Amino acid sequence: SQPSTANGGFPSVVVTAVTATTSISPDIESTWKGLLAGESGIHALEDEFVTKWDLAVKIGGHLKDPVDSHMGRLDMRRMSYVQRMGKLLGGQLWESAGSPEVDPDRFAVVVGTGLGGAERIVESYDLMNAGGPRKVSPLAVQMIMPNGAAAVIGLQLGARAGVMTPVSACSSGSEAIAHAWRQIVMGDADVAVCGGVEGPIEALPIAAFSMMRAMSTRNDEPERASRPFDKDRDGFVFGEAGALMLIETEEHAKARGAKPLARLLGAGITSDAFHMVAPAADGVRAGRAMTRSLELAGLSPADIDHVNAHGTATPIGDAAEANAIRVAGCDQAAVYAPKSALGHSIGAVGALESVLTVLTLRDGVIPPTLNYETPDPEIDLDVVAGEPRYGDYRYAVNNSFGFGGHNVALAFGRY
């Protein structure tokens, strides 16, 4: 037979700490309580760029606690935004894990980024246009290189078993967790910090996705705009986030007295090869990513109690994912779409949702999918709504799909 987590072919891998900053709270346990209480992080945008351009979209979720409120002058001048978010989250996670002293040579970092947080290249041109080539900083390269956020975290925490940055648009944060899991089960590492970071809401990304008709313009009722799987959905809403988790073999956790929050059992990565931005309507390759996570985990579809949907609230996106969940045989699972409350954070969002999937398993509860008022016949899923659903969730799949047709599914189990 082929190796699986269930059959002992791969070592057992557990999640031992989590951290996230969101539009609801800088504290992940407070985000979680807020989600359960039906809170939304989506408000009217007060940024002057909205009025300057009279943007069609006037809603979104900025971080409750801005990263830079924690950043001094040196960091503001010598790191990109996503590097600063990485430093902040990396330090928070390590403290939450009990500041353990690990073997650097068995410790990896895998952190995805999304669509930019891309400010530092332009600033270098400007320096040079005015002052000449000797006015670019000898610090420019480390601030501009797209591996920069993972590099900062690796250097901060002392990771010598690989520092990787996968890029797959909206799935980058989940894909990072996937590669971290691989690095451990293949024997290259015993412990990994993994997840995703992303820049803040800015005018150009809004314009670019708005022009594709991908975004909600329900500006009158910001908290009601994001409606994944609802009949009356009209696109996604941006909500800022960054999220990291600590994963390690069960024996490594045991040896240092860390209590696991959940198990990371398997990961599946596939691709649509269909269209540069739109998902394949049939959901077949996305479904297969789910199936692959189950194969590696040693689970059957019948074992899956819960799916944390990618669920962006676009008309075609949600329809494609409903088909995918059917293809994977998981359409009896209880479904949550967190973007209903937290919005879409592109490179970070899969990581944030992996953390939420962990908390769902730990606590035996799924928050309500906000704004889910009218089921859609083409969807036909069991979507949690109204109030939290307490349940015996034993296994879950977190989905994260990205523009380009990148499909990542992570299988988690209760510990």
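One rule holds for the numbers: they count along the sequence shown, beginning at 1.
When the two stretches 343-351 and 44-52 are set side by side, the higher mean Cα temperature factor goes to 44-52. Relative to its counterpart among 144-152 and 166-174, 144-152 has the higher mean temperature factor, C-alpha atoms as listed in the PDB entry. The entry lists C-alpha B-factors for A267, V111, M128, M85, and the highest of these is at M128. Residue-level inspection of the entry shows that, of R73, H179, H310, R288, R73 has the top Cα B-factor. The PDB entry assigns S210 a C-alpha temperature factor belonging to the highest third of its chain's modelled residues. Annotation for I366: CA B-factor lies in the lowest third of the chain's modelled residues. Sorting the modelled residues of the chain by their CA temperature factor places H306 in the lowest third. In the PDB entry, a CA B factor belonging to the middle third of its chain's modelled residues is recorded for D190. In the deposited entry, the Cα temperature factor of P338 places it in the lowest third of its chain's modelled residues.
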